[PDB]
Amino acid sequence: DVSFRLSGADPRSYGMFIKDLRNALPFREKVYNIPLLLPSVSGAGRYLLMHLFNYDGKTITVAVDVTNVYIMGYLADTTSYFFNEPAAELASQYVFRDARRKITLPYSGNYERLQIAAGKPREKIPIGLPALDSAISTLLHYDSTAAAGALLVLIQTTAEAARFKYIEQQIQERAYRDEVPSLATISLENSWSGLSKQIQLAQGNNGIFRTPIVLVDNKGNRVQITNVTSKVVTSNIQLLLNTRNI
């Protein structure tokens, strides 16, 4: 398991937590020195538990699929909550079975459906460590509309930060003040599968992408990523989604 406490949290401890989260995910190989997530994992070992504590020391446990860093569901006190999707239904066969009741959230876990439920796109939702504190507190007591926004915060401050050093840094810059995500953050989130695929395809193609990926950079400009010497590949991305799952 991994754990993170918001009480006393600072950019350093958050950075350490994200390092630990990345290193909790299994891999058999690296591609251009980036861990390649496994094609599949059978049984309970498929799920990483993240224990998150809000500033007051109240806690939720979050179940993460280690093949794709997708949040499946979470436990708050004696109630489990799972996304309305087959992968999360499966997860519920393995994690939080001791919960006195299971609520299936009235949406799947993807950004499109979460944004509709929250009534707001990601672009307009501030993120940061204070927002994560808020998100944990919200998830403690069921409210599906509120939970959609909280989960958008949770996903980006944990899974997306694990996937991209740039996003980790953006959250560190928001340790004591929330701010909506940069355009670059959104672009990276939207491109994780595509980047992952092209980096794997580049192996056998001399580091050259079969299909370029268009991102927005930290200055707000369009950039085209065509090969593995790009900073997005050498410094930024930290985990690759296996092409078997794309």
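Numbers follow the displayed sequence, beginning with 1. Between two forms, the rigid core is the largest collection of C-alphas that superpose within 1.5 Å.
Superposing on the core and measuring CA offsets in 4 other deposited structures of this protein, the stretch of 216-224 and 201-209 with the greater mean deviation is 216-224. Just going by the entry, 43-51 versus 180-188 on mean CA temperature factor gives the higher value to 43-51.
Here 93-101 and 67-75 are compared by their mean Cα B-factor, and 93-101 comes out higher. Compared with the other modelled residues of the chain, the Cα B-factor recorded for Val214 ranks in the middle third. The deposited CA B-factor of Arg174 belongs to the lowest third of values across its chain. For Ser230, the recorded CA temperature factor ranks within the middle third of the chain's modelled residues. In the deposited entry, the Cα temperature factor of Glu123 sits in the top third of values across the chain's modelled residues. Among the modelled residues of its chain, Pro86 has a C-alpha B-factor that falls in the highest third, as given in the PDB entry.
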